[PDB]
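Scroll down for the structure; my scribbles are underneath it.
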Amino acid sequence: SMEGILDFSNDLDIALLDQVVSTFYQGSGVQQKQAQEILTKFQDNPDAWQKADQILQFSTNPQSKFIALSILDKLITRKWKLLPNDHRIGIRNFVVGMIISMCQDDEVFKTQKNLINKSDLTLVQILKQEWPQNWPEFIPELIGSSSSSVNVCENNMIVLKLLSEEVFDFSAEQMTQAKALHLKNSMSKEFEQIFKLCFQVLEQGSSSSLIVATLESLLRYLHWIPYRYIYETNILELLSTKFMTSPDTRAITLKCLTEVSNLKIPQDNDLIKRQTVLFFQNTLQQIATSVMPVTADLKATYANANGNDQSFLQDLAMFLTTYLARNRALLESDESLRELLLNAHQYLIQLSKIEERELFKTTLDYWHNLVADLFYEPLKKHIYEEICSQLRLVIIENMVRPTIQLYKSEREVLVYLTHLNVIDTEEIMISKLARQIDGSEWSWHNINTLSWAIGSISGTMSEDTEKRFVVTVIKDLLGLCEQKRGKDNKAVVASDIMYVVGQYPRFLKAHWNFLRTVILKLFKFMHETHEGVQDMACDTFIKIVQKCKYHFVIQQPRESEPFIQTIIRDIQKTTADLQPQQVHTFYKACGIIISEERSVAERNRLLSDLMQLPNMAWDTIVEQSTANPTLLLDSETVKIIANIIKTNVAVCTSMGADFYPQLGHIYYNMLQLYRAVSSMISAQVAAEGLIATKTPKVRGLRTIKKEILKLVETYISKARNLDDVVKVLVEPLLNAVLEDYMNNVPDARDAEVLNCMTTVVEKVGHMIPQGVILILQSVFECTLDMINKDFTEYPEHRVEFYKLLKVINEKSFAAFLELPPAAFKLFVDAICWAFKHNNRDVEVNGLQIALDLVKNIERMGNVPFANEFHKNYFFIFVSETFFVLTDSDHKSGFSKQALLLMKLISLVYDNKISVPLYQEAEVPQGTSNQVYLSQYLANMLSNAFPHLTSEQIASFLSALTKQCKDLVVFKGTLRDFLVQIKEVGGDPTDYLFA
Amino acid sequence: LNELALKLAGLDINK
Amino acid sequence: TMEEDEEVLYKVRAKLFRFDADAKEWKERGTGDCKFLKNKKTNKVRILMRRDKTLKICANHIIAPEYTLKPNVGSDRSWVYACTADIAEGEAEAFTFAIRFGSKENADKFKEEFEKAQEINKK
Amino acid sequence: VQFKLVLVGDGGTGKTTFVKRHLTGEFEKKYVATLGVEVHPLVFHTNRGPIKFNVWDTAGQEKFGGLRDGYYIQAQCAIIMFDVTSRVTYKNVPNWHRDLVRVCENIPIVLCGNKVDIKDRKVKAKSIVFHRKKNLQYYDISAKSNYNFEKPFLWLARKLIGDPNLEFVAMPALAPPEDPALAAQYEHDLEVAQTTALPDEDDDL
Ligand SMILES: Nc1nc2c(ncn2[C@@H]2O[C@H](COP(=O)(O)OP(=O)(O)NP(=O)(O)O)[C@@H](O)[C@H]2O)c(=O)[nH]1
Ligand SMILES: [Mg+2]
C-alpha cells in the first residue's frame with residue numbers, strides 16, 4: 001500500500017513520501033525493508049528528478065530533501081547536458097535560492113547540517129558543469145555575499161572546501177583530463193580573491209564555527225596552492241600562535257601545519273627557512289603552555305580517551321614526524337634551536353610509549369628515519385644521545401614476537417641503536433634482565449619480550465664484546481630457571497634460553513663444546529611432554545642448523561666423526577616422541593647439513609643412512625601392499641605411506657639437486673604406488689558414489705597422490721641435471737599421472753597434476769616437445785570443460801589450468817601449432833574466458849597469455865598460420881578486451897587490458913599484419929587495415945554505447961590509435977573514454993588533451 | 001664455557 | 001555468568017555445526033570450549049559451548065540419554081546427533097547438530113564422556 | 001541503548017559475511033551481492049550492560065548502490081572495509097571515506113583489511129597508512145578464521161560508551177529443559193545430515 005508514490009502518472013503525495021522515508025529510517029522490521037525497496041525504486045526512476053522541486057519546497061522531512069538532492073546529483077552528473085537549457089538555470093537558481101534561505105533561518109542553519117552540506121555539494125556538482133564558462137561572477141558574488149552574514153560566509157567556506165576537493169583531490173577518476181585541467185586552471189585564476197576572504201576571516205574573528213569551517217577549507221588548499229600564500233603572508237604566524245590555543249580550532253590547525261610541513265619550498269632561500277623554523281617553534285610553545293607539558297604521561301592520557309585526546313596525540317604524532325623527517329636539519333646547526341629540537345623529540349618519546357599499535361608503527365617509522373641518519377650522516381649522532389638512550393628502553397619493552405614486519409622494523413631500529421652505543425644498550429638489557437631476577441618486572445610476557453630484544457641485536461657487537469654479553473645473559477637466564485618453581489614457569493625461561501642461543505650463531509660457531517651441548521639438550525627436549533617444548537626444540541634445532549651447518553659436516557677437533565653421523569645413528573631414539581610433522585622438520589634439518597658435504601660419494605653415504613628408516617618401512621609396504629592391495633583401505637597403512645613420502649619431501653626440500661639418488665631409490669615403486677592408489681580411488685567412487693571423495697578413506701588416498709606429485713615437483717624445480725630429468729623422470733611420470741587424470745570424474749581429478757605439469761614444463765619444457773603435446777591432449781579439453789560454465793566451480797583447477805597454459809605458451813608454444821584447428825579455437829575461447837574472471841589469480845594470467853600469444857604469432861612472420869590467426873581471432877581479442885575494459889566489472893586489471901589492446905592496435909599501424917583483416921566483398925580492395933580497424937571499432941562502440949555521438953567515437957579512436965606507442969597517454973585516453981560513457985553530452989574535443 | 005656447558009646440560013625444568 | 005552452581009566434567013575445543021535441511025547444507029554455529037556441566041543440585045549434565053572472544057553461547061542442552069552419536073560421512077573426528085531442545089538463542093528449538101574436534105582422539109574421548117554423562121542423566 | 005553502524009566498502013570485500021558470522025556464527029562461502037542495504041540488530045554483552053548495533057550492511061557494487069550516501073544519515077559509527085587480496089579495494093577506501101565523512105562529520109570509524117587468511121596477500125601492511133591522517137582505527141581481520149573479528153565492535157563500543165575499560169563478558173547460561181509423533185521426522189533429517197559431508201575437513205577444527 002506504500003507503493004503509491006511510485007505511480008508518476010498522478011501527482012506526488014509529499015506527506016506520504018515523508019511517511020515512507022521515516023518508515024525506512026526510524027522504522028524497523030519488514031515495514032522498514034519494504035519502505036526501502038520503494039525509496040530505492042523512487043530514486044532510480046529516470047523522471048524522478050522532475051519532482052525534486054516539490055520535495056525541497058514542500059516537504060518537512062530533512063531526509064526526504066536529502067534524497068531529492070540525491071536524485072538531482074544523479075541528474076546533474078549523468079544527463080546535465082541532455083537537459084533543455086531552460087532547466088539548467090531553474091535547477092541552478094533553485095539550489096542557490098534554497099541555500100540562501102537556510103542561512104537566514106538560524107533554526108535551519110544550526111539543526112540541519114546534513115541537508116545544508118548535501119545542498120552545498122549539489123551546488124558544486126553544478127559548478128563542475130557550468131562554472132566558470134557560464135557562471136563567471138560566481139567567485140566575486142560569493143565574496144560579496146560573505147560580508148552580509150556570518151552564516152553565509154561560513155557556508156561559503158563549505159562550498160569552497162567541497163569545490164577544492166572535487167577539483168584537485170577526487171577528479172582523476174571522475175572527470176576527463178581536459179575538464180579536470182579546466183577547473184584547476186579556473187580556480188587558480190581566481191584564488192587570490194579567495195585567499196583574501198580566507199585570511200580576513202581568520203584575522204577578523206570571531207565566530208568559532210566560522211573560523212573552523214574556514215580552517216577546514218585552508219587544509220584543502222594546501223594540497224595545490226603556490227607556496228607564496230603560506231610564506232609571503234602572515235598566516236603561518238596565526239596558525240602557529242592564535243589557533244593552537246582554542247580546542248575547536250586546534251585539531252584542524254595542526255592538520256594544516258602538518259600539510260605546510262610538505263609544501264613546495266626553495267631550500268636555498270634563507271628567509272623561508274626562518275618561517276619553517278618559526279611556526280614549528282610557536283606550535284611547540286602553544287602545546288607546552290596551553291595543552292600539556294613535555295613531561296606529561298601521554299601513555300596515560302591516551303588510555304583515558306577524554307574527549308579528543310586520542311586524536312590530538314594522533315595528530316601531534318603526525319605533525320612532529322612529518323616536520324622532523326623533512327626539517328630537523330634546520331634545527332641541528334643553530335645552538336638556540338637545540339632545545340626546541342630536543343623537546344620536539346621528547347614529545348615523540350612520550351608518544352612512542354602509548355599503547356596503540358598503529359600509532360606506534362607511525363613513530364617507529366620516524367625513529368627508523370632518524371637512527372639511520374645518525375648511522376650515516378656525520379657529527380649528528382651526539383645531538384640525540386639522550387633521545388636514543390630512552391629510545392632503546394622504549395623498543396626493548398615493546399618487542400613483538402618474530403606482525404612479522406613490525407619485528408623486522410623494530411630490530412632494524414634496535415640494531416642501529418646498538419651501533420650508536422654498545423655500552424648503553426648492554427646496561428639497559430642487563431639491568432632489565434636483573435629486574436626480571438628480583439621479581440619486580442617478572443612476567444611471561446615480559447621475559448619473552450626481553451629475550452627477543454636480546455636476540456635481535458646479534459652480529460652488531462664485536463665477537464669479543466658479543467661473547468662477553470651472551471655468556472652474561474646465559475648465566476642470568478639459567479639462574480632465573482633455578483629460581484622459579486613449576487614446570488610452566490621453568491619452561492618459559494628454558495625456552496627463552498634456547499631462542500637466545502639460536503640467535504647467536506657467530507657465538508656458537510666458535511665454541512664447539514657449547515654448541516654440541518646445546519644440540520644434545522635440544523634432543524633431550526624432544527622427549528618433553530610439556531606443550532610447546534618439542535616444537536621449541538625442533539624449531540631451534542633447524543634454526544641453528546641453518547647458520548652453523550658447516551660445524552656439523554666437518555670433523556671437529558676432539559671428535560671421532562663429523563657430528564652429522566652421530567645425529568643419524570640416534571635419529572630413531574631422538575625422534576621417537578615427536579609428532580610426524582616434527583619428524584619431517586628434523587629430517588629436513590639433517591638434509592641441510594648433508595648438502596654441505598661436497599664429497600659426492602660421502603654425501604650419498606649420509607643420505608642413505610639418513611633415509612634408512614623410511615626406506616625399510618618403504619620396502620615393507622611396497623611388498624606387503626602390492627599383494628594384496630587390501631591394506632590401502634587400512635588408515636594406518638595409508639598414514640605410514642604418507643609420512644614416508646612427506647619425509648622424502650622434507651629432505652628433498654633442503655637438499656634439492658643433491659637428492660636425486662634417494663629419489664631414484666624409490667621412483668619406480670612410488671609411481672607404481674601412485675597407480676595402485678588411483679585404482680582404489682576410482683573403485684571407491686564406483687561403489688559409494690561421489691560422496692566417497694569426502695570420506696577419510698579416499699582423502700587419505702588422495703593425500704598419497706598429492707604428496708607423490710609434490711616430491712617430484714620439488715626435485716625437478718631444483719634439479720641441476722636436466723637431462724636425467726627428461727630421460728629418466730618425465731617418461732614414467734606422464735605415463736602414470738596423465739591418463740589417470742583424463743579418465744577420472746571431475747570430482748576425483750587432483751588439481752596438483754596441473755601444477756606438477758607446470759613445473760615440468762617450466763624446467764625442461766624446451767626439451768620435451770612431444771611431452772608437452774601429450775600433456776595438452778590429456779588435460780586441456782577435459783579441464784576446460786570443468787570451468788567453462790561459471791567463475792566458481794573447481795577453483796583450484798581453474799588457477800593451475802591457466803598457470804599451465806601460460807608456461808606452455810612461454811616455453812613450448814609449438815604445442816599449440818600442432819593442435820587441431822577446432823581445439824585451437826577452444827584455446828582462444830579459454831584465454832578470453834580468463835579475461836572475465838574477477839579472480840585476479842586467473843584474470844592476470846589470462847591477460848598475459850593473450851599478450852604472449854600475440855607476440856608468439858608476430859614472431860612467425862608472414863606465414864599462413866599467422867595470417868589465418870589474424871583473419872580469425874584478431875578482432876575477437878580486440879572486442880573482448882574492449883568489453884572487459886568498459887563493463888566496469890574488471891577495473892583491477894585496467895593496466896594489462898590497456899597494454900594488450902595497445903599491442904593489438906600497434907600491430908595494425910605498423911603493417912605487421914600481411915593479409916587484409918576483412919572479407920573481399922565488404923570493403924573496397926586496397927583499403928588498409930588501419931582504416932578497416934577504425935571502422936570496425938566505430939561500428940562496435942556505437943552498438944555497445946548508442947548514447948555516444950558518432951563524433952565522440954571518432955575523436956576517441958583517432959586519439960587512441962595515434963597513441964598506441966605512448967602507454968601512459970594511451971591509458972589516459974581510455975580513462976577519458978570510461979568517464980564519457982557514464983554520461984551523455986561528453987565533449988569530443990576532450991580527446992585532444994595530449 | 002666447559003662449566004657453562006654443564007650448567008645448561010644439567011638444567012631441569014622438573015624441580 | 002550463571003555457571004557457578006555447576007561442575008566441569010569434560011572440556012574440549014570444538015567447532016559446532018547445524019543442519020539446514022531446507023538448503024541441504026551444513027552451517028557453522030560456534031567455535032570454542034565445549035564444556036560438560038553437572039548441576040551440583042540436580043546432578044543433571046548439560047552441554048554449554050561459548051564462542052571464542054565474543055563469549056556468546058552456541059550450545060545449551062541436556063545430554064539426554066535418548067541421543068545417539070552417528071558419524072559424518074566425511075570425518076573421523078566428528079559426531080552428528082539430533083537435539084530436541086536447545087536454548088542457546090532463546091526458546092527450546094530443535095536442531096540437527098554436528099561437532100568436530102581437533103583430532104580423532106578428542107572425538108573418541110568425547111563419545112566416552114558423552115555416554116558417561118548419558119548415564120548420570122538417567123539417575 | 002542501540003547505535004547505528006553503517007558498513008561500507010567495495011563489492012566483494014566481506015561486509016555481509018562479516019555480519020553473518022556475528023549473527024549466526026556461520027561462514028558464507030558464496031558471494032551474493034547486497035541490494036541496497038540489509039539492516040541487522042546485533043547485540044554484544046559487556047561489563048557495562050548489553051550494547052545493540054543496528055548494522056546497515058550496504059552494497060559496494062555500484063549497480064546495486066541503492067540510496068548510496070543516503071544510508072549514512074544519522075549513523076553513529078562506521079566500518080570501512082577492503083580486501084587485502086585486491087589492491088583496488090584499498091584504492092577505493094579514500095572514496096568510501098570521503099562519501100562517509102560528508103554525511104557523518106564526526107563519528108568513530110574503523111578501517112578493516114579482510115581476508116588475511118589468504119597466502120597471496122596483495123595489500124601489504126606497510127602500504128596501509130590511510131587511517132593515520134583520518135583518525136581511523138585499523139585492524140587486520142578475517143571472517144573465515146575470525147582473526148580480530150571482535151576487535152572492530154569492541155573499539156566502537158569503547159568509543160560510544162566512553163569507557164576505555166569496556167570488555168565483552170560471558171552471557172549468563174540458564175538451564176536447558178528436558179514425542180514419537182516426530183521421531184520418524186527427526187530421524188529423516190539425521191539420515192541426510194550424516195550423508196552430507198562436513199565443510200572444510202582439512203581445517204584445524
Ligand atoms: N577467503 C575469505 N573469503 C571471504 C572472507 N570474507 C568474505 N569472503 C568471501 O568474499 C565473498 C564476498 O562475500 P560478501 O560477504 O557478500 O561481500 P560484500 O562486501 O557484502 N559484497 P557487496 O558489496 O555486494 O554487498 C564471498 O564469497 C565470501 O565467502 C574471508 O575472510 N576470507
Ligand atoms: Mg553484501
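Going by the C-alpha cells order, chains are called A, B, ..., each with residues numbered from 1, while ligands are numbered from 1 in the order shown.
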
**Item:** Close residues to ligand 1 using only C-alpha atoms and all ligand atoms, limit 10 Å, as JSON, numbers by chain
**Value:** {"A": [792], "D": [7, 8, 9, 10, 11, 12, 13, 14, 15, 16, 17, 18, 19, 20, 21, 27, 28, 29, 30, 31, 32, 33, 34, 35, 36, 37, 38, 57, 58, 59, 60, 61, 62, 63, 64, 65, 81, 82, 83, 84, 85, 113, 114, 115, 116, 117, 118, 119, 141, 142, 143, 144, 145, 146, 147, 149]}

**Item:** Residues of chain A within 12 Å of chain C, counting only C-alpha atoms, as a count of residues only
**Value:** 14

**Item:** Counting only C-alpha atoms, chain A residues within 7 Å of chain D, as a list in words
**Value:** residues 40, 67, 114, 303, 304, 305, 311, 694 and 892 of chain A

**Request:** Tell me, as a list in words, which residues lie within 9 Å of residue B:1, counting only C-alpha atoms; anything in the same chain fewer than 2 positions away does not count.
**Result:**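 Non-adjacent residues within range: residues 471, 511, 513 and 514 of chain A; 3, 4, 5 and 6 of chain B.
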
**Prompt:** residue C:78: which residues within 7 Å, counting only C-alpha atoms, same-chain residues fewer than 5 positions away excluded, as an MDAnalysis selection string?
**Reply:** chainID C and resid 71:72 98:101 107

**Message:** Give me the residues near residue B:14 as a ChimeraX atom specification, where near means some atom within 9 Å (using only C-alpha atoms) and where sequence neighbours in that chain fewer than 5 positions away do not count.
**Reply:** /A:485-487,490

**Request:** Return as number ranges by chain the residues belonging to chain D that are within 9 Å of chain C, counting only C-alpha atoms.
**Result:** D: 21-22, 24-28, 44-45, 148-150, 168-178, 186-187, 189-190, 192-199, 201, 203-205

Now that the selection is made, can you save its residues with N, CA, C and O atoms as a compact mmCIF listing (two decimals), in the first residue's frame?
# COMPACT_ATOMS: atom_id res chain seq x y z
N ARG D 21 28.61 -13.82 10.34
CA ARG D 21 29.43 -14.51 11.33
C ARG D 21 29.11 -14.03 12.75
O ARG D 21 29.20 -14.81 13.70
N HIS D 22 28.74 -12.75 12.89
CA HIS D 22 28.36 -12.22 14.19
C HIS D 22 26.91 -12.49 14.55
O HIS D 22 26.56 -12.45 15.73
N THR D 24 24.75 -15.34 13.04
CA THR D 24 24.52 -16.78 13.10
C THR D 24 25.74 -17.58 13.54
O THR D 24 25.58 -18.69 14.06
N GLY D 25 26.95 -17.04 13.35
CA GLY D 25 28.15 -17.80 13.56
C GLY D 25 28.64 -18.58 12.35
O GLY D 25 29.73 -19.15 12.40
N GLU D 26 27.86 -18.61 11.27
CA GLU D 26 28.20 -19.34 10.06
C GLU D 26 29.18 -18.55 9.19
O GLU D 26 29.32 -17.33 9.31
N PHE D 27 29.84 -19.27 8.28
CA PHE D 27 30.67 -18.65 7.26
C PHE D 27 30.06 -18.92 5.90
O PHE D 27 29.98 -20.07 5.47
N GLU D 28 29.64 -17.85 5.22
CA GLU D 28 29.05 -17.98 3.89
C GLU D 28 30.15 -18.02 2.84
O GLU D 28 30.90 -17.05 2.67
N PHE D 44 25.88 -7.22 21.76
CA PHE D 44 27.05 -7.70 22.47
C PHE D 44 26.84 -7.50 23.96
O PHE D 44 26.21 -6.52 24.38
N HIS D 45 27.37 -8.43 24.75
CA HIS D 45 27.26 -8.39 26.20
C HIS D 45 28.58 -7.94 26.80
O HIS D 45 29.60 -8.62 26.65
N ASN D 148 40.77 -11.32 14.76
CA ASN D 148 40.37 -9.97 15.15
C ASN D 148 38.92 -9.64 14.83
O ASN D 148 38.55 -8.47 14.78
N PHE D 149 38.07 -10.65 14.63
CA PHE D 149 36.71 -10.37 14.19
C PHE D 149 35.86 -9.69 15.26
O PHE D 149 34.80 -9.15 14.94
N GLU D 150 36.31 -9.70 16.52
CA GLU D 150 35.63 -8.97 17.58
C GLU D 150 36.16 -7.56 17.76
O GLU D 150 35.45 -6.71 18.33
N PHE D 168 34.00 -7.47 26.63
CA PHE D 168 32.92 -8.42 26.41
C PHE D 168 32.94 -9.48 27.52
O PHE D 168 33.98 -10.06 27.81
N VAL D 169 31.78 -9.71 28.13
CA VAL D 169 31.66 -10.68 29.22
C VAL D 169 30.71 -11.79 28.79
O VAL D 169 29.92 -11.65 27.85
N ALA D 170 30.80 -12.92 29.50
CA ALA D 170 30.01 -14.09 29.14
C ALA D 170 28.55 -13.88 29.51
O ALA D 170 28.23 -13.48 30.64
N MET D 171 27.66 -14.15 28.56
CA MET D 171 26.23 -14.07 28.81
C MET D 171 25.81 -15.20 29.76
O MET D 171 26.28 -16.33 29.62
N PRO D 172 24.93 -14.92 30.72
CA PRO D 172 24.54 -15.96 31.69
C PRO D 172 23.79 -17.10 31.02
O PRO D 172 22.91 -16.89 30.19
N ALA D 173 24.14 -18.32 31.41
CA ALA D 173 23.59 -19.54 30.83
C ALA D 173 22.50 -20.09 31.74
O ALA D 173 22.78 -20.52 32.86
N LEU D 174 21.26 -20.09 31.25
CA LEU D 174 20.14 -20.62 32.01
C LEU D 174 20.23 -22.15 32.03
O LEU D 174 21.24 -22.76 31.68
N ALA D 175 19.14 -22.79 32.46
CA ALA D 175 19.17 -24.24 32.44
C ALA D 175 18.39 -24.77 31.25
O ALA D 175 17.33 -24.22 30.91
N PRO D 176 18.88 -25.81 30.60
CA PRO D 176 18.18 -26.37 29.44
C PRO D 176 17.04 -27.28 29.88
O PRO D 176 17.13 -27.94 30.92
N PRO D 177 15.94 -27.32 29.12
CA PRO D 177 14.80 -28.17 29.50
C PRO D 177 15.04 -29.64 29.21
O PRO D 177 16.17 -30.04 28.88
N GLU D 178 14.00 -30.46 29.34
CA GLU D 178 14.09 -31.90 29.06
C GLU D 178 12.94 -32.38 28.20
O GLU D 178 13.12 -32.67 27.01
N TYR D 186 12.45 -36.40 12.77
CA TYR D 186 13.79 -36.04 13.24
C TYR D 186 14.83 -37.05 12.78
O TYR D 186 15.98 -36.67 12.51
N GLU D 187 14.45 -38.32 12.69
CA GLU D 187 15.35 -39.31 12.10
C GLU D 187 15.53 -39.08 10.61
O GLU D 187 16.63 -39.31 10.07
N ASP D 189 15.71 -36.24 9.11
CA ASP D 189 16.69 -35.18 8.95
C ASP D 189 18.09 -35.62 9.35
O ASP D 189 19.07 -35.00 8.92
N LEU D 190 18.21 -36.68 10.16
CA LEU D 190 19.52 -37.15 10.58
C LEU D 190 20.17 -38.03 9.52
O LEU D 190 21.39 -37.99 9.35
N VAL D 192 19.96 -37.67 6.35
CA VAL D 192 20.51 -36.78 5.33
C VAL D 192 21.70 -35.99 5.89
O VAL D 192 22.66 -35.71 5.17
N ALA D 193 21.64 -35.62 7.17
CA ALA D 193 22.76 -34.89 7.78
C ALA D 193 24.03 -35.73 7.74
O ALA D 193 25.11 -35.21 7.44
N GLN D 194 23.93 -37.03 8.04
CA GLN D 194 25.11 -37.88 8.06
C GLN D 194 25.75 -38.00 6.68
O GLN D 194 26.98 -38.02 6.56
N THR D 195 24.93 -38.08 5.64
CA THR D 195 25.41 -38.27 4.27
C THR D 195 25.74 -36.96 3.56
O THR D 195 26.11 -36.99 2.38
N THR D 196 25.62 -35.82 4.24
CA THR D 196 26.13 -34.54 3.75
C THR D 196 27.46 -34.28 4.46
O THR D 196 27.49 -34.11 5.69
N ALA D 197 28.54 -34.25 3.70
CA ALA D 197 29.86 -34.14 4.30
C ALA D 197 30.05 -32.78 4.96
O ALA D 197 29.48 -31.77 4.54
N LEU D 198 30.86 -32.76 6.01
CA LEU D 198 31.12 -31.51 6.70
C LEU D 198 32.04 -30.64 5.85
O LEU D 198 32.96 -31.15 5.20
N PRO D 199 31.81 -29.33 5.81
CA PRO D 199 32.69 -28.45 5.04
C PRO D 199 34.04 -28.29 5.72
O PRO D 199 34.16 -28.38 6.95
N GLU D 201 37.06 -30.06 5.76
CA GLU D 201 37.55 -31.17 6.56
C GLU D 201 39.06 -31.11 6.76
O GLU D 201 39.58 -31.78 7.67
N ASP D 203 40.57 -28.40 7.70
CA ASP D 203 40.82 -27.34 8.66
C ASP D 203 41.42 -27.91 9.95
O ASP D 203 41.71 -29.11 10.06
N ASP D 204 41.63 -27.04 10.93
CA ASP D 204 42.07 -27.46 12.25
C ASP D 204 40.92 -27.88 13.14
O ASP D 204 41.10 -28.72 14.04
N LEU D 205 39.73 -27.33 12.92
CA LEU D 205 38.57 -27.61 13.76
C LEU D 205 37.30 -27.70 12.91
O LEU D 205 37.25 -27.18 11.79

**Message:** Using DSSP assignments from the backbone, pull out every residue in stretch 8-97 of chain A that falls under helix (DSSP H, G or I) and give it to me as a ChimeraX atom specification.
**Reply:** /A:14-25,30-43,48-58,62-78,85-97

**Message:** Taking only C-alpha atoms into account and nothing else, which residues of chain A lie no more than 12 Å away from chain B? Please answer as a ChimeraX atom specification.
**Reply:** /A:467-468,470-495,497-498,501,507-508,510-525,528-530,533

**Request:** Work out how far apart atom CA of residue A:850 and atom CA of residue A:918 are and give it in Å to one decimal.
**Result:**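 Between atom CA of residue A:850 and atom CA of residue A:918 the gap works out to 21.5 Å.
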
**Request:** Just the residues within 12 Å of stretch 134-150 of chain A, please, counting only C-alpha atoms, with nothing from its chain fewer than 5 positions along; format it as a PyMOL selection string.
**Result:** chain A and resi 85+88-89+92-93+96+100+102-106+109+123-124+126-129+155-160+163+186-198+200-201+204-211+213-214

Same residues, C-alpha atoms, saved as an mmCIF file, in the first residue's frame:
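Output below, filename selection-v7.cif:
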data_model
loop_
_atom_site.group_PDB
_atom_site.id
_atom_site.type_symbol
_atom_site.label_atom_id
_atom_site.label_comp_id
_atom_site.auth_asym_id
_atom_site.auth_seq_id
_atom_site.Cartn_x
_atom_site.Cartn_y
_atom_site.Cartn_z
ATOM 1 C CA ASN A 85 18.850 24.934 -21.497
ATOM 2 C CA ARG A 88 19.747 24.056 -16.215
ATOM 3 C CA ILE A 89 19.121 27.581 -14.905
ATOM 4 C CA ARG A 92 20.838 26.251 -10.575
ATOM 5 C CA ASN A 93 18.669 29.097 -9.288
ATOM 6 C CA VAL A 96 21.229 28.669 -4.955
ATOM 7 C CA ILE A 100 20.398 31.238 0.781
ATOM 8 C CA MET A 102 18.728 28.130 5.026
ATOM 9 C CA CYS A 103 21.424 30.616 6.078
ATOM 10 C CA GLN A 104 18.745 33.131 7.084
ATOM 11 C CA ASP A 105 16.815 30.788 9.412
ATOM 12 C CA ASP A 106 19.284 30.079 12.221
ATOM 13 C CA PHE A 109 21.430 26.613 9.748
ATOM 14 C CA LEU A 123 25.826 23.207 -5.872
ATOM 15 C CA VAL A 124 29.402 22.066 -6.525
ATOM 16 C CA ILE A 126 26.630 22.270 -10.963
ATOM 17 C CA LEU A 127 29.855 24.293 -10.817
ATOM 18 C CA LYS A 128 31.634 21.267 -12.300
ATOM 19 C CA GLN A 129 29.219 21.546 -15.258
ATOM 20 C CA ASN A 155 28.639 28.134 4.495
ATOM 21 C CA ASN A 156 30.623 29.685 1.642
ATOM 22 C CA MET A 157 33.720 28.163 3.254
ATOM 23 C CA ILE A 158 31.945 24.796 2.972
ATOM 24 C CA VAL A 159 31.222 25.240 -0.755
ATOM 25 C CA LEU A 160 34.835 26.184 -1.461
ATOM 26 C CA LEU A 163 34.865 22.541 -4.592
ATOM 27 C CA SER A 186 39.809 28.242 -13.279
ATOM 28 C CA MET A 187 40.343 28.082 -9.509
ATOM 29 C CA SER A 188 43.968 29.230 -9.714
ATOM 30 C CA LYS A 189 42.996 32.304 -11.738
ATOM 31 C CA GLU A 190 40.512 33.298 -9.002
ATOM 32 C CA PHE A 191 42.338 32.143 -5.858
ATOM 33 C CA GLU A 192 43.965 35.473 -4.938
ATOM 34 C CA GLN A 193 40.437 36.717 -4.240
ATOM 35 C CA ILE A 194 39.622 33.529 -2.305
ATOM 36 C CA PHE A 195 42.697 33.775 -0.076
ATOM 37 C CA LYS A 196 41.840 37.409 0.695
ATOM 38 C CA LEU A 197 38.465 36.328 2.095
ATOM 39 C CA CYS A 198 40.070 33.407 3.940
ATOM 40 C CA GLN A 200 40.461 38.221 6.501
ATOM 41 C CA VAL A 201 38.071 35.840 8.273
ATOM 42 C CA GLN A 204 38.986 39.446 11.994
ATOM 43 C CA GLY A 205 37.434 36.633 14.071
ATOM 44 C CA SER A 206 35.286 35.838 15.699
ATOM 45 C CA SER A 207 32.707 33.047 15.479
ATOM 46 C CA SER A 208 34.406 29.712 16.164
ATOM 47 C CA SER A 209 32.046 27.869 13.812
ATOM 48 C CA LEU A 210 33.041 30.262 11.018
ATOM 49 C CA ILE A 211 36.728 30.066 11.994
ATOM 50 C CA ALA A 213 34.936 25.965 8.607
ATOM 51 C CA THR A 214 37.445 28.480 7.216
#

**Message:** Env of residue A:740: 9 Å cut, atoms = only C-alpha atoms, seq-sep filter 5 positions within chain, self excluded. Answer as JSON, numbers by chain.
**Reply:** {"A": [675, 678, 679, 735, 749]}

Written file, previous selection with C-alpha atoms, as a compact mmCIF listing (two decimals), in the first residue's frame:
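Once written, again.txt looks like this:
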# COMPACT_ATOMS: atom_id res chain seq x y z
CA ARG A 675 48.85 -46.08 -9.82
CA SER A 678 44.45 -44.37 -8.12
CA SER A 679 42.82 -47.76 -8.77
CA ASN A 735 52.57 -42.46 -18.30
CA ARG A 749 40.89 -35.17 -10.55
